[PDB]
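Just one chain follows, in the form deposited in one PDB entry, and it is written as structure tokens.
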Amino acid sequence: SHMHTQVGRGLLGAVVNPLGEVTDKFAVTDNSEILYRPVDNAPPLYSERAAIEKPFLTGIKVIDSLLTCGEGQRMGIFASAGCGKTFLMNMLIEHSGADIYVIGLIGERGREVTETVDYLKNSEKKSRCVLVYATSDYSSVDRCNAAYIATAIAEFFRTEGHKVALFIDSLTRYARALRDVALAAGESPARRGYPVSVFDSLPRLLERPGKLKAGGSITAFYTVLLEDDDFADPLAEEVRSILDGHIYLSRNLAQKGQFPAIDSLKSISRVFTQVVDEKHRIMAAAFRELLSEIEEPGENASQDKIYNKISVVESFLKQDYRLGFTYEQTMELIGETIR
């Protein structure tokens, strides 16, 4: 729906339901600025936008080296359901360096909200974070406003000059509420269940981040559930065309317990070239080649030479949920791999 919510620095630390009223806190802020603002703004004008040049730093070896984000980039995260997803999302909030985090949970169960709120309660970031949510027992309309409230909230801190990270968990549940609305209103399913309206409403939502000439950015990570194929779920093909790339979490890698379960084969930052230097571009392309050739101890046979590179590769890609690496560390460690 078309609507107004609360924004401001008073909301830092807050949990916000799909109306706009705080229902819990993971932190207490000393500021109490609380303006009332529209939930459905338009994207910035092409004349208002900065170019994407400086990286968004996550702290996660495998994205900061091979899928570097740009401040103001809009990134997909494609994952089947589970922890994998929320393991990666917890790290982005932990080991990135954004000024503010706005997190929008859509359509999950109540336990899934509580888990995020407990995560937040134990994050040093907790004072820089806002959480909007809509569980599955709320209505289609309310699930769509969660997305809008959370963007709306991220938008305020952007005109106040902050570098903002935005997370929408399940775009595919945004979009499904979006359609149950359109079908309630009485509209004809075009594409595979979905009124043509939802796919013209999508660019408007997704182009409201990121970076502005006046200073202010919203880098936006957006989740997409993988349940069936590009024929059966139209979203993935559409979301792919509108966003600036995508991290693919792998079931195969997860089912072996490689975490984070990122298939760099299937992932791309579309702003890579323009946010990392030519040093990087090369070393990164190196490593990908390496990965390709590993496909082709235990413990004393001179096969040893194999196992010890698999194990620096596997050691580089794996990361402990508590550890953030900075550019240098990441870049050093990747150098130490291809020599």
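Take the two forms, find the largest set of C-alpha atoms that superpose within 1.5 Å, and that set is the rigid core. For every residue, the number given is its place in the sequence shown, counted from 1.
*Asks:* If I compare the deposited sequence with the modelled residues, how many are absent between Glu278 and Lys279: none, 1 to 3, 4 to 9, or 10 or more?
*Replies:* Gap between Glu278 and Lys279: none.
*Asks:* Quick check: 74-82 versus 106-114, which has the larger average CA B-factor in the record?
*Replies:* Averaging CA B-factors over each stretch, the winner is 106-114.
*Asks:* Out of 147-155 and 259-267, which one has CA B-factors that are higher on average in the deposited record?
*Replies:* Stretch with the greater average CA B-factor: 259-267.
*Asks:* If I read the C-alpha B-factors straight from the PDB entry, which of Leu66, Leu57, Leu45, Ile282 is highest?
*Replies:* Comparing C-alpha B-factors across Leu66, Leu57, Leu45, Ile282, the maximum falls on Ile282.
*Asks:* Compare the CA B factors listed in the entry for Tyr101, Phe231, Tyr138, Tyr194 and report the winner.
*Replies:* Highest CA B-factor of the listed options: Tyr194.
*Asks:* By the record's CA B-factor, is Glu207 among the lowest, middle or highest third of residues in the chain?
*Replies:* Its C-alpha B-factor, which the entry lists for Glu207, ranks in the lowest third among residues of this chain.
*Asks:* Taking the C-alpha B-factors as the PDB entry records them, is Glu237 in the lowest, middle or highest third of its chain?
*Replies:* Its C-alpha B-factor belongs to the middle third of this chain's values.
*Asks:* Relative to the other modelled residues in the chain, which third contains the C-alpha temperature factor of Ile310: lowest, middle or highest?
*Replies:* Answer is highest: the recorded C-alpha B-factor places it there.
*Asks:* Taking the values exactly as deposited, rank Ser170 by C-alpha B-factor within its chain and report the matching third: lowest, middle or highest.
*Replies:* As the PDB entry reports it, the C-alpha B-factor of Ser170 lands in the lowest third of its chain.
*Asks:* Pull the Cα B-factor of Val62 out of the PDB entry and bin it into the chain's lowest, middle or highest third.
*Replies:* Lowest third, going by the recorded CA B-factors of the chain.
From this point on, the text means the form deposited in another entry, which you will not see here.
*Asks:* If you fit the two forms on their rigid core, which residue out of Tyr248, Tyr119, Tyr138, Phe199 shows a CA shift of at least 2 Å between the shown form and the other one?
*Replies:* After core superposition, the single residue displaced by 2 Å or more is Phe199.
*Asks:* For a quick test of reading the superposition: does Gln274 move by 2 Å or more at the CA between the shown form and the other one, rigid core aligned?
*Replies:* No, its C-alpha moves less than 2 Å.
*Asks:* Has the Cα of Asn308 moved 2 Å or more between the shown form and the other one, judged after a core fit?
*Replies:* Yes.
*Asks:* Could you tell me whether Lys305 and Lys266 have their C-alpha atoms closer or farther apart in the other entry than in the shown form, knowing the shift is 3 angstroms or more?
*Replies:* Relative to the displayed form, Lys305 and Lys266 draw closer in the other entry - a change of at least 3 Å between their C-alphas.
*Asks:* Is the CA-CA spacing of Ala286 and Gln303 tighter or wider in the other entry than here, given a 3 Å or more change?
*Replies:* Closer in the other entry, by 3 Å or more.
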